[PDB]
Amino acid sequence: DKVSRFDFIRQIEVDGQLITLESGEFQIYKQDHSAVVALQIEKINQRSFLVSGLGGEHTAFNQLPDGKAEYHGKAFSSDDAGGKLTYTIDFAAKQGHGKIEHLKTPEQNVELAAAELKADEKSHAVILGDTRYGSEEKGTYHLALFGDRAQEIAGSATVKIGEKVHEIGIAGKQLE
């Protein structure tokens, strides 16, 4: 499993001169039942954006295993695919938590705060929580479960560093 990084431009042709309306980068990461995409668009003639994407074969909130699960995987932002995701979900207690470590920018290595495991509008198991650095809230994260045994998790997080919000992709698998 590798993170694929891409550069891209969207161009139009006007008077026989290709013109770039926007440019950017995106990283994609595939596991067995899920995929995540971060994406950064710049308008090359409200300026830059963070678009994320998340999808796969969602786990049904009414079909979760008993007990507890441990997950391990990757965290990635723009240039940085080195992050490491750790996460635990207690299914009996409808609760999850975890952390991000080893992104080159220290302030992106955030706790994924304890958060409730609930059902989304399609009755899929999901977790929405805060990101933390120290004891200060710094953003939110959105985690969905994937696979019929909830083998996988994937989603994304957001961190405010200075006055710029960063956006991190996160995906993991159960240890065995």
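A residue's number is simply how far along the shown sequence it sits, counting from 1.
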Query raised in the report: Just how many deposited residues go unmodelled from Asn45 to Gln46: none, 1 to 3, 4 to 9, or 10 or more?
Result: 10 or more
Query raised in the report: Given the B-factors recorded for C-alpha atoms, which segment has the greater mean, 12-20 or 154-162?
Result: 12-20
Report task. Quick one: say whether 35-43 or 112-120 has the higher mean Cα B-factor in the deposited entry. Result -> 35-43
Query - Identity of residue with top Cα B-factor, from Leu50, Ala69, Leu128, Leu145 - result: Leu50
Report task. Using the B-factor values recorded in the entry, state whether the Cα atom of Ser135 falls in the lowest, middle or highest third among the modelled residues of its chain. Result -> highest
**Report entry** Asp80 by Cα B-factor - lowest, middle or highest third of the modelled chain
**Finding:** middle
Report summary line: In terms of its chain's C-alpha B-factors, the third that includes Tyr141 is the lowest
